[PDB]
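Please read the structure below before turning to the comments.
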Amino acid sequence: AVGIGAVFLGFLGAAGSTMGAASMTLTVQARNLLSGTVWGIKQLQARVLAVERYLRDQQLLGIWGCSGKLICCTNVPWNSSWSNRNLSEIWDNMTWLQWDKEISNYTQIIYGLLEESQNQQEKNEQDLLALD
Amino acid sequence: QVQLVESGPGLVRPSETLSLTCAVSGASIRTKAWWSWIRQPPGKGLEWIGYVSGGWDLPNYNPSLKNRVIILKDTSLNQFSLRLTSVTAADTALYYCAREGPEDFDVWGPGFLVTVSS
Amino acid sequence: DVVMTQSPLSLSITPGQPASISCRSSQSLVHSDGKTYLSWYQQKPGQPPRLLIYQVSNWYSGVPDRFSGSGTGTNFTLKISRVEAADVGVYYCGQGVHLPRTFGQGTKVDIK
Amino acid sequence: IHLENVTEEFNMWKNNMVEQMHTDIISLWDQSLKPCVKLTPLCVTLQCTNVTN
Amino acid sequence: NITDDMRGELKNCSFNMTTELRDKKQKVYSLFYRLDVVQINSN
Ligand SMILES: *[C@@H]1O[C@H](CO)[C@@H](O[C@@H]2O[C@H](CO)[C@@H](O[C@@H]3O[C@H](CO)[C@@H](O)[C@H](O)[C@@H]3O)[C@H](O)[C@H]2NC(C)=O)[C@H](O)[C@H]1NC(C)=O
Ligand SMILES: *[C@@H]1O[C@H](CO)[C@@H](O)[C@H](O)[C@H]1NC(C)=O
Ligand SMILES: *[C@@H]1O[C@H](CO)[C@@H](O)[C@H](O)[C@H]1NC(C)=O
């Protein structure tokens with residue numbers, strides 16, 4: 001549309017496009033997650049719930065391979081039973097909503113695999129810096 | 001005082017996805033424990049299928065089960081479920097949910113005969 | 001994996017007389033702390049088994065002291081110094097120190 | 001900011017935030033009365049007649 | 001039917017009480033225990 005050619009606009013703007021197009025615009029959805037006599041309690045619990053959710057996400061990233069790299073290749077493989085689709089098709093064919101509907105079952109095992117991979121990389125790096 | 005009770009089929013066709021679910025009362029799931037599945041073919045010895053943990057251990061199975069077993073815990077319902085994809089009629093066995101603790105498998109389930117038949 | 005063997009495979013008990021099962025594991029079950037993760041079970045038909053002795057010197061809650069257990073290396077020993085009619089079933093020797101968990105074959109025990 | 005090629009299911013009847021609007025307006029209506037004067041001494045025997053008409 | 005030795009644990013008490021209307025008061029009675037009333041100071 002207006003943002004054709006130079007593919008960007010405001011946050012949640014890429015939510016309709018395919019995930020390959022939406023992957024180039026991730027900094028703003030990361031950005032619009034933190035900043036934004038009894039009603040002060042409501043304002044305060046909203047603000048601390050926002051920073052608690054953001055800190056939980058940053059801690060979930062920080063125990064994995066990437067602290068703030070925002071795109072992280074890692075060392076765990078991919079079971080093809082989970083996706084069971086053509087690989088380059090999903091980046092030109094699927095929205096992130098539809099993809100999250102697809103792998104709703106296949107969740108929370110990936111995160112433990114990531115933690116095992118990161119702890120294995122840490123003990124391997126400890127051994128490597130130990131014998132040197 | 002822990003009580004484990006299995007639930008699910010006992011008669012399924014081969015080459016299908018088998019799934020049981022054991023309910024747990026008398027204690028909590030997220031304990032120093034491995035909520036485990038152990039089977040026994042009829043007239044034969046036991047066969048340990050695998051476990052899951054109430055902490056954050058990754059579940060570790062018997063490699064003879066050919067990576068078709070996914071035990072999934074349900075802490076919001078105090079349960080933990082066996083899975084077995086692509087079953088055969090030779091997989092007919094009594095199934096048991098149990099709890100490894102500081103002692104070895106104190107409270108079992110009653111154990112139900114899953115007779116895989118076509 | 002760990003291989004378990006019980007000897008004898010069948011022993012019809014004489015009431016008033018002891019009985020024994022020698023367990024043989026394939027590998028050393030003594031963990032580096034100093035303990036031994038070995039357990040004994042007793043098959044009842046269509047039932048969860050009855051549990052006699054875990055961690056050989058230790059005792060289950062719910063087990064009378066008319067049993068006994070010892071052992072060296074991989075040769076462990078369950079003994080019943082006074083058998084009863086309540087000792088029906090087919091026993092088990094099962095390790096717990098190595099993944100994967102394994103169990104045994106068992107000793108057949110009936111009335112003589 | 002507009003969104004394109006996006007289909008969401010709306011439901012105004014099981015919707016939230018109308019309950020929160022009702023609760024907020026009720027609590028605000030209560031919170032704008034606690035400064036004001038209670039009319040406890042006005043409950044009294046009234047000698048009433050018709051208006052001069 | 002109280003004996004003179006064992007005193008009545010429950011005392012009946014009648015009193016004035018304001019109604020909802022400020023002009024009108026009512027006479028009303030109730031029961032209370034010995035451990036809640038004292039004798040302010042025939043009648
Ligand atoms: C409830 O309220 C009424 C209304 O005021 C009270 O009654 C009044 O009590 C006073 C105090 O005893 C009475 O004054 C005395 O009356 C006696 C007997 O008539 C008289 O000999 C004395 O010289 C003195 O005037 C007053 O008459 C009485 N009025 C009525 C209409 O009974 C009452 O005491 C309050 N309490 C209870 C429990 O009813
Ligand atoms: C996810 O699992 C449920 C069972 O809980 C199943 O019915 C559903 O088909 C699965 N999703 C997909 C996409 O297969
Ligand atoms: C228990 O703790 C004591 C003191 O820290 C130590 O000496 C002992 O070896 C420990 N035992 C085990 C089995 O970890």
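Residue numbers start at 1 in each chain; chains themselves are named A, B, ... in the order of the structure tokens; ligands are numbered from 1 in the order shown.
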List all protein, DNA and RNA residues that have at least one atom no more than 8 Å from any atom of ligand 1, counting only C-alpha atoms and all ligand atoms, and write them as a ChimeraX atom specification. /E:13-17,25-29
Output N, CA, C and O atoms for every residue in the selection just made, as a short mmCIF file (atom, residue, chain, number, x, y, z; two decimals), in the first residue's frame.
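Output file selection_27.cif is given in full below:
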```
data_model
loop_
_atom_site.label_atom_id
_atom_site.label_comp_id
_atom_site.auth_asym_id
_atom_site.auth_seq_id
_atom_site.Cartn_x
_atom_site.Cartn_y
_atom_site.Cartn_z
N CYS E 13 -34.64 -5.76 79.43
CA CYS E 13 -34.41 -4.32 79.49
C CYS E 13 -35.29 -3.62 78.47
O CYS E 13 -35.20 -3.92 77.28
N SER E 14 -36.12 -2.69 78.92
CA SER E 14 -36.88 -1.82 78.05
C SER E 14 -36.27 -0.43 78.07
O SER E 14 -35.71 0.00 79.08
N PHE E 15 -36.39 0.29 76.96
CA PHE E 15 -35.73 1.57 76.81
C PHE E 15 -36.34 2.35 75.66
O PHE E 15 -37.03 1.80 74.79
N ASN E 16 -36.08 3.66 75.67
CA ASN E 16 -36.39 4.51 74.54
C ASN E 16 -35.43 4.21 73.40
O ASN E 16 -34.26 3.92 73.62
N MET E 17 -35.92 4.34 72.18
CA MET E 17 -35.06 4.18 71.02
C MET E 17 -35.58 5.08 69.92
O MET E 17 -36.79 5.18 69.70
N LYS E 25 -39.96 8.73 68.80
CA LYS E 25 -39.20 7.68 69.45
C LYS E 25 -40.15 6.61 69.94
O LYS E 25 -41.34 6.86 70.17
N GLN E 26 -39.63 5.40 70.09
CA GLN E 26 -40.43 4.24 70.44
C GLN E 26 -39.90 3.65 71.73
O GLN E 26 -38.76 3.89 72.14
N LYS E 27 -40.75 2.88 72.39
CA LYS E 27 -40.35 2.10 73.55
C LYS E 27 -40.18 0.66 73.13
O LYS E 27 -41.11 0.06 72.58
N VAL E 28 -39.01 0.09 73.38
CA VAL E 28 -38.74 -1.27 72.92
C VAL E 28 -37.97 -2.01 74.00
O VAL E 28 -37.28 -1.40 74.83
N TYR E 29 -38.11 -3.33 74.02
CA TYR E 29 -37.48 -4.16 75.02
C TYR E 29 -36.59 -5.19 74.35
O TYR E 29 -36.69 -5.45 73.15
#
```
Exercise: stretch 26-28 of chain A partners within 12 Å, only C-alpha atoms, chain neighbours under 5 positions left out, as a VMD selection string: chain A and resid 8 to 15 19 to 21 33 to 36 68 to 71
Export, as a PDB file, in the first residue's frame, the selected residues with N, CA and C atoms.
```
ATOM      1  N   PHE A   8       7.459  -1.411   5.328  1.00  0.00           N
ATOM      2  CA  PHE A   8       7.343  -1.098   6.745  1.00  0.00           C
ATOM      3  C   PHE A   8       6.224  -0.090   6.948  1.00  0.00           C
ATOM      4  N   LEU A   9       5.590  -0.184   8.111  1.00  0.00           N
ATOM      5  CA  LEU A   9       4.730   0.838   8.693  1.00  0.00           C
ATOM      6  C   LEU A   9       4.690   0.556  10.191  1.00  0.00           C
ATOM      7  N   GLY A  10       3.698   1.118  10.885  1.00  0.00           N
ATOM      8  CA  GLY A  10       3.571   0.980  12.331  1.00  0.00           C
ATOM      9  C   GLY A  10       3.395  -0.427  12.882  1.00  0.00           C
ATOM     10  N   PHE A  11       3.282  -0.556  14.202  1.00  0.00           N
ATOM     11  CA  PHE A  11       3.292  -1.874  14.818  1.00  0.00           C
ATOM     12  C   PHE A  11       1.980  -2.601  14.566  1.00  0.00           C
ATOM     13  N   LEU A  12       2.076  -3.934  14.526  1.00  0.00           N
ATOM     14  CA  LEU A  12       1.055  -4.866  14.040  1.00  0.00           C
ATOM     15  C   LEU A  12       0.655  -4.608  12.592  1.00  0.00           C
ATOM     16  N   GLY A  13       1.461  -3.867  11.832  1.00  0.00           N
ATOM     17  CA  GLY A  13       1.136  -3.639  10.440  1.00  0.00           C
ATOM     18  C   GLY A  13       1.454  -4.833   9.574  1.00  0.00           C
ATOM     19  N   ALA A  14       2.487  -5.584   9.934  1.00  0.00           N
ATOM     20  CA  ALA A  14       2.871  -6.766   9.183  1.00  0.00           C
ATOM     21  C   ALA A  14       2.070  -8.000   9.565  1.00  0.00           C
ATOM     22  N   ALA A  15       1.106  -7.869  10.479  1.00  0.00           N
ATOM     23  CA  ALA A  15       0.386  -9.022  11.005  1.00  0.00           C
ATOM     24  C   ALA A  15      -0.490  -9.697   9.965  1.00  0.00           C
ATOM     25  N   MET A  19       4.844 -14.471   6.982  1.00  0.00           N
ATOM     26  CA  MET A  19       5.834 -14.416   8.050  1.00  0.00           C
ATOM     27  C   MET A  19       7.218 -14.070   7.523  1.00  0.00           C
ATOM     28  N   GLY A  20       7.495 -14.393   6.260  1.00  0.00           N
ATOM     29  CA  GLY A  20       8.745 -13.968   5.657  1.00  0.00           C
ATOM     30  C   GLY A  20       8.826 -12.462   5.496  1.00  0.00           C
ATOM     31  N   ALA A  21       7.712 -11.834   5.123  1.00  0.00           N
ATOM     32  CA  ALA A  21       7.689 -10.380   5.037  1.00  0.00           C
ATOM     33  C   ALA A  21       7.669  -9.754   6.422  1.00  0.00           C
ATOM     34  N   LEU A  33       5.905  -2.979  23.752  1.00  0.00           N
ATOM     35  CA  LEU A  33       5.583  -3.968  24.759  1.00  0.00           C
ATOM     36  C   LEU A  33       5.897  -3.477  26.157  1.00  0.00           C
ATOM     37  N   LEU A  34       6.753  -2.471  26.292  1.00  0.00           N
ATOM     38  CA  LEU A  34       7.197  -1.969  27.579  1.00  0.00           C
ATOM     39  C   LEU A  34       6.698  -0.557  27.855  1.00  0.00           C
ATOM     40  N   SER A  35       6.919   0.371  26.924  1.00  0.00           N
ATOM     41  CA  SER A  35       6.624   1.777  27.178  1.00  0.00           C
ATOM     42  C   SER A  35       5.124   2.040  27.169  1.00  0.00           C
ATOM     43  N   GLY A  36       4.471   1.756  26.050  1.00  0.00           N
ATOM     44  CA  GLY A  36       3.046   1.990  25.924  1.00  0.00           C
ATOM     45  C   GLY A  36       2.698   2.908  24.770  1.00  0.00           C
ATOM     46  N   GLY A  68      19.836 -10.562  23.601  1.00  0.00           N
ATOM     47  CA  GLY A  68      19.008  -9.583  22.931  1.00  0.00           C
ATOM     48  C   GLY A  68      19.255  -9.528  21.441  1.00  0.00           C
ATOM     49  N   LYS A  69      19.618 -10.665  20.849  1.00  0.00           N
ATOM     50  CA  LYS A  69      19.956 -10.683  19.433  1.00  0.00           C
ATOM     51  C   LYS A  69      18.733 -10.581  18.534  1.00  0.00           C
ATOM     52  N   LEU A  70      17.550 -10.952  19.046  1.00  0.00           N
ATOM     53  CA  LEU A  70      16.215 -10.775  18.463  1.00  0.00           C
ATOM     54  C   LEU A  70      15.945 -11.692  17.268  1.00  0.00           C
ATOM     55  N   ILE A  71      16.988 -12.321  16.727  1.00  0.00           N
ATOM     56  CA  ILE A  71      16.906 -13.426  15.775  1.00  0.00           C
ATOM     57  C   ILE A  71      18.007 -14.383  16.190  1.00  0.00           C
TER      58      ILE A  71
END
```
Using only C-alpha atoms and all ligand atoms, which residues of the polymer chains come no farther than 10 Å from ligand 3? I'd like the answer as a PyMOL selection string. chain C and resi 31-35
Interface, chain A side, toward chain B (9 Å; only C-alpha atoms) as a ChimeraX atom specification: /A:109,112-113,116
Selection near stretch 5-10 of chain E, 7 Å with only C-alpha atoms, sequence-local residues under 3 positions removed, as a PyMOL selection string: chain E and resi 2+31-34
Could you write out that same residue set with N, CA and C atoms as a short mmCIF file (atom, residue, chain, number, x, y, z; two decimals), in the first residue's frame?
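Result written to part09.cif:
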```cif
data_model
loop_
_atom_site.label_atom_id
_atom_site.label_comp_id
_atom_site.auth_asym_id
_atom_site.auth_seq_id
_atom_site.Cartn_x
_atom_site.Cartn_y
_atom_site.Cartn_z
N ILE E 2 -37.18 -17.83 89.53
CA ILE E 2 -35.79 -17.72 89.97
C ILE E 2 -35.72 -17.86 91.48
N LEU E 31 -33.38 -8.52 75.59
CA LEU E 31 -32.74 -9.30 76.63
C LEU E 31 -31.24 -9.09 76.56
N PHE E 32 -30.60 -9.09 77.72
CA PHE E 32 -29.15 -8.97 77.79
C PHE E 32 -28.64 -9.87 78.89
N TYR E 33 -27.34 -10.05 78.94
CA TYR E 33 -26.73 -10.86 79.97
C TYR E 33 -26.27 -9.99 81.12
N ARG E 34 -25.94 -10.63 82.24
CA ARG E 34 -25.41 -9.89 83.39
C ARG E 34 -24.07 -9.26 83.07
#
```
What residues have any atom no more than 8 Å from ligand 2 when counting only C-alpha atoms and all ligand atoms, and can you list them as a ChimeraX atom specification? /A:101-105
Please identify all polymer residues within 12 Å of residue A:61, counting only C-alpha atoms, omitting same-chain residues fewer than 5 positions from it, and present them as a count of residues only. 15
For stretch 99-110 of chain B, work out the shell of residues within 7 Å, counting only C-alpha atoms and skipping chain neighbours fewer than 3 positions away, then give it as a PyMOL selection string. (chain B and resi 2-6+32-36+96) or (chain C and resi 39+47-48+54)
Do a neighbour search on stretch 5-9 of chain D at 12 Å with only C-alpha atoms, toss out local chain neighbours closer than 6 positions, and write the hits as a list in words.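 Selected residues are residues 1, 12, 13, 14, 15, 16, 17, 18, 94, 95, 96, 97 and 98 of chain A; 15 of chain D.
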Output N, CA, C and O atoms for every residue in that selection, as a PDB file, in the first residue's frame.
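part16.pdb was written with the following content:
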```pdb
ATOM      1  N   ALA A   1       0.833  -1.195   0.000  1.00  0.00           N
ATOM      2  CA  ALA A   1       0.000   0.000   0.000  1.00  0.00           C
ATOM      3  C   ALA A   1       0.869   1.248   0.000  1.00  0.00           C
ATOM      4  O   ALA A   1       1.639   1.479  -0.931  1.00  0.00           O
ATOM      5  N   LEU A  12       2.076  -3.934  14.526  1.00  0.00           N
ATOM      6  CA  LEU A  12       1.055  -4.866  14.040  1.00  0.00           C
ATOM      7  C   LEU A  12       0.655  -4.608  12.592  1.00  0.00           C
ATOM      8  O   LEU A  12      -0.389  -5.085  12.148  1.00  0.00           O
ATOM      9  N   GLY A  13       1.461  -3.867  11.832  1.00  0.00           N
ATOM     10  CA  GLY A  13       1.136  -3.639  10.440  1.00  0.00           C
ATOM     11  C   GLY A  13       1.454  -4.833   9.574  1.00  0.00           C
ATOM     12  O   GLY A  13       0.759  -5.093   8.588  1.00  0.00           O
ATOM     13  N   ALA A  14       2.487  -5.584   9.934  1.00  0.00           N
ATOM     14  CA  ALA A  14       2.871  -6.766   9.183  1.00  0.00           C
ATOM     15  C   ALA A  14       2.070  -8.000   9.565  1.00  0.00           C
ATOM     16  O   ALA A  14       2.340  -9.077   9.023  1.00  0.00           O
ATOM     17  N   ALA A  15       1.106  -7.869  10.479  1.00  0.00           N
ATOM     18  CA  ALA A  15       0.386  -9.022  11.005  1.00  0.00           C
ATOM     19  C   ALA A  15      -0.490  -9.697   9.965  1.00  0.00           C
ATOM     20  O   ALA A  15      -0.832 -10.871  10.131  1.00  0.00           O
ATOM     21  N   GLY A  16      -0.858  -8.992   8.904  1.00  0.00           N
ATOM     22  CA  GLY A  16      -1.625  -9.607   7.844  1.00  0.00           C
ATOM     23  C   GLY A  16      -0.758 -10.274   6.800  1.00  0.00           C
ATOM     24  O   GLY A  16      -1.176 -11.246   6.167  1.00  0.00           O
ATOM     25  N   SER A  17       0.457  -9.767   6.618  1.00  0.00           N
ATOM     26  CA  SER A  17       1.342 -10.293   5.594  1.00  0.00           C
ATOM     27  C   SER A  17       1.920 -11.639   6.023  1.00  0.00           C
ATOM     28  O   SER A  17       1.700 -12.122   7.136  1.00  0.00           O
ATOM     29  N   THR A  18       2.665 -12.252   5.109  1.00  0.00           N
ATOM     30  CA  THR A  18       3.294 -13.530   5.389  1.00  0.00           C
ATOM     31  C   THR A  18       4.441 -13.354   6.375  1.00  0.00           C
ATOM     32  O   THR A  18       4.952 -12.252   6.587  1.00  0.00           O
ATOM     33  N   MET A  94       1.875 -18.359   4.763  1.00  0.00           N
ATOM     34  CA  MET A  94       1.219 -18.413   6.056  1.00  0.00           C
ATOM     35  C   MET A  94       1.440 -17.131   6.840  1.00  0.00           C
ATOM     36  O   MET A  94       2.488 -16.488   6.743  1.00  0.00           O
ATOM     37  N   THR A  95       0.425 -16.769   7.613  1.00  0.00           N
ATOM     38  CA  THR A  95       0.520 -15.720   8.610  1.00  0.00           C
ATOM     39  C   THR A  95       1.016 -16.309   9.920  1.00  0.00           C
ATOM     40  O   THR A  95       0.974 -17.522  10.137  1.00  0.00           O
ATOM     41  N   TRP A  96       1.496 -15.426  10.799  1.00  0.00           N
ATOM     42  CA  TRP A  96       1.982 -15.871  12.098  1.00  0.00           C
ATOM     43  C   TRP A  96       0.858 -16.412  12.965  1.00  0.00           C
ATOM     44  O   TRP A  96       1.093 -17.297  13.797  1.00  0.00           O
ATOM     45  N   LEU A  97      -0.357 -15.887  12.794  1.00  0.00           N
ATOM     46  CA  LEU A  97      -1.516 -16.409  13.509  1.00  0.00           C
ATOM     47  C   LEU A  97      -1.790 -17.854  13.121  1.00  0.00           C
ATOM     48  O   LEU A  97      -1.992 -18.717  13.983  1.00  0.00           O
ATOM     49  N   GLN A  98      -1.775 -18.135  11.818  1.00  0.00           N
ATOM     50  CA  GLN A  98      -2.028 -19.484  11.338  1.00  0.00           C
ATOM     51  C   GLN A  98      -0.905 -20.431  11.729  1.00  0.00           C
ATOM     52  O   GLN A  98      -1.158 -21.601  12.048  1.00  0.00           O
TER      53      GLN A  98
ATOM     54  N   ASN D  15     -18.589  -9.958  25.112  1.00  0.00           N
ATOM     55  CA  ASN D  15     -17.443  -9.070  25.120  1.00  0.00           C
ATOM     56  C   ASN D  15     -17.078  -8.684  26.544  1.00  0.00           C
ATOM     57  O   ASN D  15     -17.932  -8.589  27.426  1.00  0.00           O
TER      58      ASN D  15
END
```
Could the residues of chain D within 12 Å of chain E, counting only C-alpha atoms, be given as a ChimeraX atom specification, please? /D:40-46
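Going from atom CA of residue B:82 to atom CA of residue B:37 covers 6.8 Å.
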Using DSSP secondary structure from the backbone, list all helix (DSSP H, G or I) positions within chain A, as a PyMOL selection string. chain A and resi 19-22+27-31+39-62+80-83+87-93+96-102+110-131
Keeping only C-alpha atoms, write the selected residues to a file as a PDB file, in the first residue's frame.
```pdb
ATOM      1  CA  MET A  19       5.834 -14.416   8.050  1.00  0.00           C
ATOM      2  CA  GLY A  20       8.745 -13.968   5.657  1.00  0.00           C
ATOM      3  CA  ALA A  21       7.689 -10.380   5.037  1.00  0.00           C
ATOM      4  CA  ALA A  22       6.873  -9.849   8.712  1.00  0.00           C
ATOM      5  CA  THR A  27      11.784  -4.166  16.368  1.00  0.00           C
ATOM      6  CA  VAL A  28       8.575  -2.216  16.921  1.00  0.00           C
ATOM      7  CA  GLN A  29       6.451  -5.060  18.278  1.00  0.00           C
ATOM      8  CA  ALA A  30       9.348  -5.568  20.664  1.00  0.00           C
ATOM      9  CA  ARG A  31       9.288  -1.820  21.312  1.00  0.00           C
ATOM     10  CA  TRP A  39      -7.129   4.228  40.159  1.00  0.00           C
ATOM     11  CA  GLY A  40      -3.430   4.603  40.879  1.00  0.00           C
ATOM     12  CA  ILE A  41      -3.538   0.992  42.054  1.00  0.00           C
ATOM     13  CA  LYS A  42      -4.997  -0.006  38.673  1.00  0.00           C
ATOM     14  CA  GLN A  43      -2.379   2.031  36.778  1.00  0.00           C
ATOM     15  CA  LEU A  44       0.371   0.561  38.946  1.00  0.00           C
ATOM     16  CA  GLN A  45      -0.753  -3.045  38.593  1.00  0.00           C
ATOM     17  CA  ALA A  46      -1.004  -2.570  34.825  1.00  0.00           C
ATOM     18  CA  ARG A  47       2.520  -1.128  34.699  1.00  0.00           C
ATOM     19  CA  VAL A  48       4.042  -3.833  36.879  1.00  0.00           C
ATOM     20  CA  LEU A  49       2.197  -6.553  34.957  1.00  0.00           C
ATOM     21  CA  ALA A  50       3.677  -5.127  31.755  1.00  0.00           C
ATOM     22  CA  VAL A  51       7.207  -5.070  33.131  1.00  0.00           C
ATOM     23  CA  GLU A  52       6.735  -8.519  34.682  1.00  0.00           C
ATOM     24  CA  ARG A  53       5.704  -9.980  31.326  1.00  0.00           C
ATOM     25  CA  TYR A  54       8.589  -8.216  29.580  1.00  0.00           C
ATOM     26  CA  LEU A  55      11.057  -9.450  32.179  1.00  0.00           C
ATOM     27  CA  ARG A  56       9.729 -13.001  31.864  1.00  0.00           C
ATOM     28  CA  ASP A  57      10.254 -12.843  28.106  1.00  0.00           C
ATOM     29  CA  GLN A  58      13.756 -11.397  28.461  1.00  0.00           C
ATOM     30  CA  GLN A  59      14.616 -14.092  30.996  1.00  0.00           C
ATOM     31  CA  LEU A  60      13.244 -16.799  28.703  1.00  0.00           C
ATOM     32  CA  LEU A  61      15.503 -15.445  25.983  1.00  0.00           C
ATOM     33  CA  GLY A  62      18.474 -14.990  28.312  1.00  0.00           C
ATOM     34  CA  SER A  80       9.617 -32.568  10.643  1.00  0.00           C
ATOM     35  CA  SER A  81       6.520 -34.192  12.168  1.00  0.00           C
ATOM     36  CA  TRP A  82       5.686 -30.841  13.764  1.00  0.00           C
ATOM     37  CA  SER A  83       5.672 -28.549  10.730  1.00  0.00           C
ATOM     38  CA  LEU A  87       9.658 -25.202   4.082  1.00  0.00           C
ATOM     39  CA  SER A  88       9.788 -22.282   1.652  1.00  0.00           C
ATOM     40  CA  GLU A  89       6.001 -22.413   1.252  1.00  0.00           C
ATOM     41  CA  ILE A  90       5.267 -21.209   4.779  1.00  0.00           C
ATOM     42  CA  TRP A  91       7.272 -17.990   4.417  1.00  0.00           C
ATOM     43  CA  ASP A  92       5.213 -16.976   1.373  1.00  0.00           C
ATOM     44  CA  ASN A  93       1.949 -18.674   2.326  1.00  0.00           C
ATOM     45  CA  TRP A  96       1.982 -15.871  12.098  1.00  0.00           C
ATOM     46  CA  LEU A  97      -1.516 -16.409  13.509  1.00  0.00           C
ATOM     47  CA  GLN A  98      -2.028 -19.484  11.338  1.00  0.00           C
ATOM     48  CA  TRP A  99       1.452 -20.758  12.172  1.00  0.00           C
ATOM     49  CA  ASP A 100       0.797 -20.360  15.892  1.00  0.00           C
ATOM     50  CA  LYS A 101      -2.444 -22.263  15.376  1.00  0.00           C
ATOM     51  CA  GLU A 102      -0.387 -24.978  13.684  1.00  0.00           C
ATOM     52  CA  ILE A 110      10.926 -26.869  22.341  1.00  0.00           C
ATOM     53  CA  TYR A 111      11.801 -24.680  25.314  1.00  0.00           C
ATOM     54  CA  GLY A 112      13.260 -27.524  27.362  1.00  0.00           C
ATOM     55  CA  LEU A 113      15.242 -28.588  24.302  1.00  0.00           C
ATOM     56  CA  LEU A 114      16.570 -25.028  24.074  1.00  0.00           C
ATOM     57  CA  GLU A 115      17.560 -25.080  27.747  1.00  0.00           C
ATOM     58  CA  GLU A 116      19.291 -28.453  27.370  1.00  0.00           C
ATOM     59  CA  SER A 117      21.131 -27.175  24.287  1.00  0.00           C
ATOM     60  CA  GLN A 118      22.253 -23.995  26.038  1.00  0.00           C
ATOM     61  CA  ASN A 119      23.441 -25.825  29.155  1.00  0.00           C
ATOM     62  CA  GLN A 120      25.268 -28.352  26.967  1.00  0.00           C
ATOM     63  CA  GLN A 121      26.940 -25.509  25.067  1.00  0.00           C
ATOM     64  CA  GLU A 122      27.883 -23.903  28.388  1.00  0.00           C
ATOM     65  CA  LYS A 123      29.492 -27.049  29.793  1.00  0.00           C
ATOM     66  CA  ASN A 124      31.284 -27.625  26.474  1.00  0.00           C
ATOM     67  CA  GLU A 125      32.623 -24.062  26.539  1.00  0.00           C
ATOM     68  CA  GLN A 126      33.646 -24.521  30.179  1.00  0.00           C
ATOM     69  CA  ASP A 127      35.587 -27.665  29.244  1.00  0.00           C
ATOM     70  CA  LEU A 128      37.126 -25.911  26.223  1.00  0.00           C
ATOM     71  CA  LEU A 129      38.298 -22.933  28.277  1.00  0.00           C
ATOM     72  CA  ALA A 130      39.371 -25.308  31.059  1.00  0.00           C
ATOM     73  CA  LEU A 131      41.752 -27.530  29.098  1.00  0.00           C
TER      74      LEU A 131
END
```
What are the DSSP strand (DSSP E) residues of stretch 10-83 of chain C, as a ChimeraX atom specification? /C:19-25,38-43,50-54,67-72,75-80
